[PDB]
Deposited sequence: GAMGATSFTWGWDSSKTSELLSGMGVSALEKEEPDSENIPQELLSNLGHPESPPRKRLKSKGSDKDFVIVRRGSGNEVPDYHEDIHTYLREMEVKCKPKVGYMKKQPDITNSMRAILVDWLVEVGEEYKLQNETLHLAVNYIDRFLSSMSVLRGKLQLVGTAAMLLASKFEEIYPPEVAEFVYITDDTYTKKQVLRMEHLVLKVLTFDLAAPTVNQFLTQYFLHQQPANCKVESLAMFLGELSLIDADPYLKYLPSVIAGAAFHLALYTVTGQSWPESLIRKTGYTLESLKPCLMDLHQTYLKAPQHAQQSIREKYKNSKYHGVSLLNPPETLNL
């Protein structure tokens, strides 16, 4: 088999790409409800950590794939490991370093992450946590993300729309902040609800039949995830984490965070 070597590694090599992602999203899934079993930290502390990683990604011009991978590493690590408040940010720093060295072409090194943490950790503390996360993750760094499923869904858009794609990615990142209602849904289901809600807002069209035959998810299958996602869109300006609404109000995303959300989804 012929394969091209490169720096980005969160890509499915030649094999139906969508069929491979569905089989892998189940494996290495974060244990839902670990935050209740977590003694020191809570969901509100995780939402702040994930929101701070969004600002780190925007500072170093990191891809959206690097952000979703870092959040996947945090939830899986915290599901089987107990971390304190002061070390929680160290876990997120090392997780962002792992996702950068795995997906980015020119990733920020350890000295860069020590710099952005205002010199509160050492080069060894980040490397130890990075090595600790690797051992906990059993070195399985390839994980399907909401960004990966959204890319596959866009190939079936007829026609394509820049506002729909940008709004879908905006809704996808909002699910990373709140772990209470979204950690129980699969990345393919979250991307499906984000694609429909974005398409319904911009154009009014619904979940296309081409995606029904390809994914098997019907509109009723996505209805539970679509309900929680519709409320976050309505309560987005009131949410305490606003680093994603500021990110998606730029010309690069056609300012989709400024679009008014629908009052009713008619579902």
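Colleague: Hey, which stretches of the deposited sequence didn't make it into the model?
Modeller: No C-alpha coordinates exist for 1-65, 81-83.
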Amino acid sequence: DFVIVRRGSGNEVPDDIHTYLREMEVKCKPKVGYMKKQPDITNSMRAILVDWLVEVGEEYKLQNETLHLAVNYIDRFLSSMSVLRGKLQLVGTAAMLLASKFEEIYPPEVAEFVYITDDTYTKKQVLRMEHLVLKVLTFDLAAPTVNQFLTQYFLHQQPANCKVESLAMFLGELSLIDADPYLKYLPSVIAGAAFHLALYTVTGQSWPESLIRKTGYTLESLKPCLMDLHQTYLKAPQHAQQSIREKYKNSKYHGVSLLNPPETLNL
From here on, numbers count along this sequence of modelled residues.
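Colleague: Please work out which of 106-114 and 177-185 has the higher mean CA B-factor as recorded in the PDB entry.
Modeller: Between 106-114 and 177-185, it is 177-185.
Colleague: Of the two stretches 159-167 and 70-78, which shows the higher Cα B-factor on average in the entry?
Modeller: Taking the mean B-factor of the alpha carbons in each, 159-167 is higher.
Colleague: Where does residue 55 sit by CA temperature factor within its chain: lowest, middle or highest third?
Modeller: It falls in the bottom third of the chain.
Colleague: What third of the chain, by the recorded C-alpha B-factor, contains residue 84?
Modeller: Its C-alpha B-factor, which the entry lists for residue 84, ranks in the highest third among residues of this chain.
Colleague: Should residue 64 be placed in the lowest, middle or highest third of its chain by the C-alpha B factor in the entry?
Modeller: Lowest third - that is where residue 64 ends up once the chain's C-alpha B-factors are sorted.
Colleague: Within this chain's modelled residues, let me know which third the CA B factor of residue 28 belongs to: lowest, middle or highest.
Modeller: Within its chain, residue 28 is a highest-third residue by C-alpha B-factor, going by the deposited values.
Colleague: Could you look up the Cα B-factor of residue 249 in the entry and say which third of the chain it sits in: lowest, middle or highest?
Modeller: Highest third, going by the recorded CA B-factors of the chain.
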